[PDB]
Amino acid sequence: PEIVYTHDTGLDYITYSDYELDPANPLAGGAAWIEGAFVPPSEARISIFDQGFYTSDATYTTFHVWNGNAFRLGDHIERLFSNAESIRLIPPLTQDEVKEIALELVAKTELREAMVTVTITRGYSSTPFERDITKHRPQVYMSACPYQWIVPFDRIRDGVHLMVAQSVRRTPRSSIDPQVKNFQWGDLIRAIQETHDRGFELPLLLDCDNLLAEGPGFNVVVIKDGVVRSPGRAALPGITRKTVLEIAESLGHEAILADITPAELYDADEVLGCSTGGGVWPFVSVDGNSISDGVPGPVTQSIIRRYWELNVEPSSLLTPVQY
């Protein structure tokens, strides 16, 4: 269908920019960068012989732009180059080059509120058993699309009903490491499918030890007696998570990575979720069991509000897109 790039959010702390996309611009509202070319979404295609597809031999990051400012761009590209190195990928561009191109890509979409995926793959120039690393030709692929909300505005305000998956667990670090962001979502998709079977909105997975892990596209945070905790092991080192723990410490709470049991999840004062794709939101029940009184808690509410302020308040967290 047609492109939807702004909304009236029911929420005083989230406001889209007031502007119009130019219909003569074939990149307006969405675009990719593929092998040196800025192209429209319908032409955003990669080789089926790229190992990024047939062996998912790839890592990526996803950042966002809000009111014409990219949020924590440095952290994101640094995390991306760290993940590349963890899987022995040498990026074909420097971090600076990648920032320059991603920011120009956003600019060409004219999008003031955007999500930008930067992906690095092993390439199509070699195959998986290639010993000679000089034969590997890694690729960079980028997309900039309208901002996407994992949970709608009304659930950011009223909260989401969480489900702990029983039919599947998060892939162990000794197989496919969740700390390296990747497209290998077999377990995460099974979890989604289980939410369909059980009638819930979002799943959280446990790890091999039955400790909280993460969900598809989000980290979970658990608050108890003024201590703010988030899973340290089987979870992506989220940049939203990092922000949430910084805000928590600002509010005077102990904020740490930790192992969290399911009993501690059920017994929490407050539970929330976070991600670049939607910000921060409350989880007000788990498996149909209320967290406290089943409405978003006050700590969660101040975290959410503060996260959105950090998206507009001038600071080193914000990098202006040159439209």
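A residue's number is simply how far along the shown sequence it sits, counting from 1.
For the pair 96 to 104 and 228 to 236, the record assigns the higher mean C-alpha temperature factor to 96 to 104. The PDB entry records a higher mean C-alpha B factor for 133 to 141 than for its counterpart among 72 to 80 and 133 to 141. Across the options 170, 242, 157, 190, the residue with the most elevated CA B-factor in the record is 157. Ranked against the other modelled residues of its chain, the C-alpha B-factor of residue 303 as given in the entry falls in the lowest third. Ranked within its chain, residue 37 lands in the highest third, by CA B factor from the PDB record. Residue 55: CA B factor in the lowest third of modelled residues in this chain (values from the PDB entry).
Per the deposited record, the Cα B-factor of residue 267 falls in the middle third when ranked against the other modelled residues of its chain.
The PDB entry assigns residue 274 a C-alpha temperature factor belonging to the lowest third of its chain's modelled residues.
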